[PDB]
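Here's the structure we're looking at; comments come further down.
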Number of protein chains: 2
Amino acid sequence: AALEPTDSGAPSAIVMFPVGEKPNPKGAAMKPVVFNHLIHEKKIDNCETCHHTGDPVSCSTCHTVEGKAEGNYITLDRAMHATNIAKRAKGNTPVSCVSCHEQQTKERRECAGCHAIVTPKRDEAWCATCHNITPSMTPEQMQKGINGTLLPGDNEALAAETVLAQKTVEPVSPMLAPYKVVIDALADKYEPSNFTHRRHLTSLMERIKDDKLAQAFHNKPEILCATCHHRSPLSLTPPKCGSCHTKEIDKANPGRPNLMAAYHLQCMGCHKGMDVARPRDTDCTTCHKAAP
Amino acid sequence: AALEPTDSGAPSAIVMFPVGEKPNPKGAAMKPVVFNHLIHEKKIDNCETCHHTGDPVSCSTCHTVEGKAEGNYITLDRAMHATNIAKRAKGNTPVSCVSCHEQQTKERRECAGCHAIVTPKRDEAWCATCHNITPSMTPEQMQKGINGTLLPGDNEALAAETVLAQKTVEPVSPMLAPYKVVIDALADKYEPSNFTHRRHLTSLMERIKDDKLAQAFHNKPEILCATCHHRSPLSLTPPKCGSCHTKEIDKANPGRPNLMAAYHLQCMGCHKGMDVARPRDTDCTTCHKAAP
Ligand code: HEC
Ligand code: HEC
Ligand code: HEC
Ligand code: HEC
Ligand code: HEC
Ligand code: HEC
Ligand code: HEC
Ligand code: HEC
Ligand code: HEC
Ligand code: HEC
Ligand code: HEC
Ligand code: HEC
Ligand code: HEC
Ligand code: HEC
């Protein structure tokens, strides 16, 4: 028993290596990337969405580490991670691994609520989602991979081993977070906001529970907490918004909204991002009843 | 157990809690911080340097989480982490935990070379260097520290268990990195640069091998490699500078220096930061001899 074959004829899973002309005898590089061609080709209908030149060929044939004429000196690095890709007035607009994943988060309603307010860390755990080779790869295979003298038979074995060894990280249950939270730090013109904490988290999670792209990148058990509880270590008891966001203006931290704007911008930000019908940003009592 | 008594009378080590107005029954907060008064007072001479209002009292007496008139509304968060602190005309210019530590890396020659070119990540591992309590602390104890009803002997106990469980990360030996590196990616007007890789690393580590501040914050075995090999997952075989820095200016990545500038800015940046006498920025042939 092996990986399921593709309709396209491309290998089901593929190790991608840092291909360039320059010798790399010490194997100075990121871990290589195992790309699952099978699941991507099933999800994305047009081959040439990715194979933007119409050549059903490895990107690295034109995009090398240093760059070359066949790819107009757009490097491997650029081709795989580019985020600011200009629309092409004629013919195909290329995509990168990173730009397409990001477009997914902006374009799909079930993703665009959280992703309207998340700021991604882009840390080691992020890189490792792709830079993910199996440990059984040898330095020798690495050189061969780098030199392009690896046999596809060996490439595919390494790739199937990695894929078969992958395990999806389970998000913690919303049962381990508060049922409700009475937000009353600022209560004055209005009553406290009775935020449906667990209802909200449960709902957001259910809409993405089987998404393979979300599952790969949502890769620490408490990472979804950080959607709102941002910029602090993942934890089942994060610090309060009011620890960092002051009630009055904080000249020392102009990037920081004051605490009322913090709640408004975050709550309303998601609501707008995934087109919540109620409450509207102009509805001033649904989130907090007027005080008597 | 107990730790070495101080000359000053302050407890040797102290648990600091998120002290403020409003009730926090769930302990929604960062881990408390255990401050080692002993080592600090043996290094910083004047008490007023820290206890900027003279009388040595807990900072959160004036700097609460929410902030109050007694601290000019400067919150606990600002008090502990402030980096943008104005020279005080009259009297004492206050310091923060973060600001003093930053000053050290800038004012000590043995630190200012590396720290002239590193950009700190300020990630979880950074936070945890101070937010560091022993797991033996109980919710209940958390509540008492927050409400200010925890017994001093109980505070002292907590801190001592924490301090006595602490461990230092030992950096990887320079024997696990290249002895020398022939930097030839751009070789043209000049011969390659025969970089004394292990000697540079070994020399830099030597000057800081006892330093307790560096030891706490250099808290991954391969983190010192990141001084130069930045912005990639820690590894004994980091990618080449060239993978990310293009020979010519990346118009897609305007902020990125091109490869020659990367080298020049990095090598000369440190040299200047720790006043290296030679090579000067103008001693071109000292880093790369003129080509035949
Ligand atoms: C983006 C989501 C892709 C879609 C849609 C399709 N392909 Fe692809 N393919 C993609 C990548 C990132 C790569 C490069 C992997 C590498 O080895 O460097 C590939 C590779 C191929 C290849 C080359 C096989 C190899 O050299 O090992 C073939 C033959 C190929 N893909 C063809 C192909 C076809 C026919 C597709 C539509 C049915 C198709 N791909 C979709 C990314 C993507
Ligand atoms: C040679 C036959 C190529 C192959 C195979 C792949 N790409 Fe390519 N890429 C190529 C050129 C000549 C160009 C410039 C086209 C233009 O409109 O100017 C590009 C550019 C890209 C880009 C855009 C970069 C930017 O605009 O900043 C990306 C992101 C890109 N290429 C990615 C990419 C991927 C993922 C490929 C494999 C699936 C791939 N290219 C193959 C030439 C060639
Ligand atoms: C859109 C045109 C994409 C491009 C280009 C790339 N990826 Fe992607 N990826 C995309 C989708 C829509 C999905 C989910 C598929 C599904 O069945 O829902 C994914 C998923 C991934 C994953 C997670 C699945 C896994 O194999 O673990 C990874 C790690 C991944 N994608 C990597 C990846 C790389 C390395 C790419 C460039 C070579 C890349 N993707 C391009 C959409 C698109
Ligand atoms: C809130 C409950 C979320 C929902 C629903 C979705 N995403 Fe998410 N995502 C969330 C967080 C808090 C994070 C971590 C931020 C960080 O520091 O990295 C992420 C991260 C991702 C990523 C990686 C970061 C990026 O590239 O932007 C990807 C690719 C991603 N998320 C995809 C994704 C998709 C496709 C979703 C809808 C199916 C989706 N997520 C929903 C939080 C939440
Ligand atoms: C936004 C959609 C959130 C997500 C996802 C999670 N939390 Fe949350 N939580 C959120 C808010 C706006 C608040 C109020 C904070 C304030 O200072 O006003 C909270 C509160 C908590 C608390 C504190 C409860 C209390 O009684 O004070 C805890 C312990 C908490 N949140 C935990 C938590 C965890 C573990 C999460 C991921 C599973 C999580 N939160 C998700 C908003 C959001
Ligand atoms: C300190 C550890 C923080 C806690 C706790 C929370 N936030 Fe925050 N937030 C913080 C910073 C440093 C910044 C400024 C970012 C910058 O670089 O400018 C912010 C910013 C916001 C924003 C603006 C949009 C954004 O960049 O995310 C909002 C809407 C916001 N903060 C809201 C918010 C809420 C509601 C929180 C409790 C759940 C919260 N933040 C916690 C630092 C910290
Ligand atoms: C949910 C999506 C909200 C909407 C829509 C509005 N507000 Fe809001 N508001 C929200 C929270 C979570 C909080 C914090 C509650 C607390 O007491 O700490 C607030 C706060 C305010 C406040 C300050 C608190 C008070 O005076 O009671 C004011 C003055 C306020 N909100 C004004 C306001 C108006 C005018 C709105 C309609 C445009 C409105 N809020 C919407 C959440 C949400
Ligand atoms: C030592 C140099 C610290 C580093 C590094 C960081 N913090 Fe800190 N923080 C420090 C102290 C002495 C205190 C007071 C004691 C306490 O635990 O309250 C704090 C306090 C906070 C707070 C406010 C209290 C709370 O809500 O728990 C926050 C929100 C906080 N610290 C956050 C924080 C984060 C996210 C850090 C890494 C980015 C971080 N601190 C670094 C000292 C030190
Ligand atoms: C900064 C490097 C300091 C120097 C120099 C000195 N002290 Fe200190 N002290 C400092 C901190 C961060 C704290 C706060 C602890 C807390 O719980 O908030 C303390 C604590 C004390 C105390 C205890 C006060 C109390 O907790 O009620 C005393 C009595 C004290 N410090 C005295 C003191 C003297 C006399 C010093 C000079 C010889 C001195 N401190 C140096 C920070 C720093
Ligand atoms: C200068 C005026 C400082 C202020 C204010 C604070 N710290 Fe500090 N820190 C300072 C020095 C010079 C040293 C090393 C002293 C030596 O013996 O060489 C340190 C050390 C630390 C450490 C690491 C050692 C340890 O105790 O684990 C930590 C974790 C630390 N400092 C924490 C800390 C906190 C929490 C502070 C604010 C409450 C704080 N420091 C103030 C110099 C100065
Ligand atoms: C190069 C060999 C270094 C020397 C010599 C010193 N430091 Fe360092 N330090 C270095 C790196 C690569 C990092 C990691 C940055 C990150 O991403 O966290 C650090 C980090 C620190 C920190 C933490 C960040 C900060 O608050 O600035 C501190 C406090 C620190 N280093 C202290 C320090 C001191 C006091 C030094 C001289 C005795 C010193 N550094 C030397 C690299 C190197
Ligand atoms: C060490 C501190 C240096 C000093 C002083 C100067 N240069 Fe440099 N330069 C350095 C390195 C590590 C490299 C990369 C070497 C390689 O082959 O990759 C360079 C590169 C150059 C180059 C390009 C390579 C070549 O043409 O051979 C040029 C044009 C260059 N450096 C010029 C230059 C001049 C004029 C300097 C004095 C004013 C100078 N460099 C200083 C390291 C160092
Ligand atoms: C700056 C003072 C550095 C520190 C600290 C470390 N390295 Fe380094 N390294 C540095 C340069 C300028 C280069 C040249 C890379 C290039 O692309 O031009 C290197 C090179 C390496 C290499 C590759 C050498 C080869 O023959 O290919 C490796 C494997 C390497 N470095 C590893 C390494 C490790 C593990 C380090 C910490 C223990 C480390 N280096 C630190 C500059 C600096
Ligand atoms: C991609 C994974 C990189 C590798 C490998 C190296 N560098 Fe880098 N460098 C990178 C980025 C994305 C940036 C821009 C950050 C910004 O704020 O714009 C930089 C920046 C530099 C600089 C300028 C100062 C700085 O911000 O650090 C220098 C001097 C530099 N890079 C040099 C450098 C060298 C010599 C490298 C090999 C040892 C190297 N970088 C690797 C990303 C990446």
Side-chain angles (χ1 to χ4, degrees), chain A residues 6-11 14-17 19 22-29 33 35 37 39-52 55-61 63 76 79-80 95-97 100 152 155-156 159, chain B residues 113-114 117-118 171-178 180-195 197-198 200-201 203-205 221-230 234-245 247 259-264 266-271 276 278-291:
Chain A
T6 64
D7 284 356
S8 69
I14 318 166
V15 189
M16 306 175 63
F17 289 95
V19 184
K22 282 172 217 256
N24 201 347
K26 260 131 209 240
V33 172
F35 176 71
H37 208 281
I39 75 114
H40 282 81
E41 69 179 66
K42 287 173 175 157
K43 211 54 171 221
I44 317 289
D45 281 285
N46 186 11
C47 304
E48 78 170 47
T49 293
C50 301
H51 308 277
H52 71 82
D55 303 271
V57 296
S58 294
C59 319
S60 44
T61 59
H63 299 293
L76 184 58
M80 303 287 100
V95 299
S96 71
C97 315
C100 179
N155 187 302
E156 81 194 315
Chain B
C114 281
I117 61 156
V118 327
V172 291
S173 153
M175 291 311 296
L176 301 187
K180 271 161 72 125
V181 175
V182 171
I183 313 185
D184 62 5
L186 302 170
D188 166 58
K189 299 84 193 303
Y190 298 92
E191 282 290 282
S193 187
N194 195 25
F195 179 53
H197 190 271
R198 187 173 295 161
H200 269 75
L201 186 47
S203 164
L204 297 158
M205 286 167 69
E222 300 158 9
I223 198 174
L224 299 174
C225 315
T227 303
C228 303
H229 309 287
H230 52 216
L234 296 185
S235 159
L236 290 182
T237 54
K240 299 172 166 176
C241 317
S243 238
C244 291
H245 293 267
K247 157 130 173 300
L259 185 50
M260 184 180 83
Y263 292 126
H264 281 178
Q266 201 161 269
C267 314
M268 312 177 174
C270 176
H271 285 176
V276 170
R278 303 254 157 205
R280 296 234 241 124
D281 290 343
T282 51
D283 291 316
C284 325
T285 51
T286 298
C287 290
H288 40 57
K289 293 183 267 166

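Just so you know, ligand 1 is whichever comes first in the structure, and atom 1 is the first atom listed for that ligand. Each chain gets a letter, A, B and so on, in the order the sequences are listed, and its residues count up from 1.
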Restricting to heavy atoms, the pick from B:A177, B:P174, B:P178 nearest atom 30 (C) of ligand 13 would be B:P178
2.8 Å cut-off met by an N, O or S atom of A:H40 to atom 8 (Fe) of ligand 1 = no
Closest heavy-atom approach to atom 35 (C) of ligand 13 among B:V172, B:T237, B:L236 is made by B:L236
Among A:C97, A:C50, A:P56, closest by heavy atom to atom 29 (C) of ligand 1 is A:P56
Could you tell me whether ligand 13 has any atom less than 4.0 Å away from a heavy atom of B:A185?
no
Within 4.0 Å of some non-hydrogen atom of A:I14, the atoms of ligand 1 are 15 (C), 17 (O)
If you compare B:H230, B:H229, B:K180 by their heavy atoms, the one closest to atom 13 (C) of ligand 13 turns out to be B:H229
Contact region, A:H51 to ligand 1, non-hydrogen atoms below 4.0 Å, reads side chain
Any nitrogen or oxygen of A:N46, side chain or backbone, less than 3.5 Å from one on ligand 1? no
Checking heavy atoms under 4.0 Å, the part of B:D184 that sits near ligand 12 is backbone
Here the atoms of ligand 1 under 4.0 Å from any heavy atom belonging to A:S8 are 34 (C), 35 (C), 38 (C)
Quiz item: For atom CG of A:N46, is the number of surrounding heavy atoms from other residues, nucleotides or ligands below 6.0 Å larger than 12?
Solution: yes
In terms of its nearest heavy atom to atom 38 (C) of ligand 12, the top option of B:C284, B:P279, B:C241 is B:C284
The atoms of ligand 12 lying under 4.0 Å from a heavy atom of B:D281, numbered in the order shown, are 5 (C), 37 (C), 38 (C), 41 (C)
In this structure, atom 36 (C) of ligand 1 is nearest to the protein heavy atom A:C47 SG, 2.8 Å
Atom 42 (C) of ligand 12: of B:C287, B:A291, B:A262, B:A261, the nearest heavy atom sits on B:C287
Should B:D283 be counted as touching ligand 12, given the test is an N or O pair under 3.5 Å? no
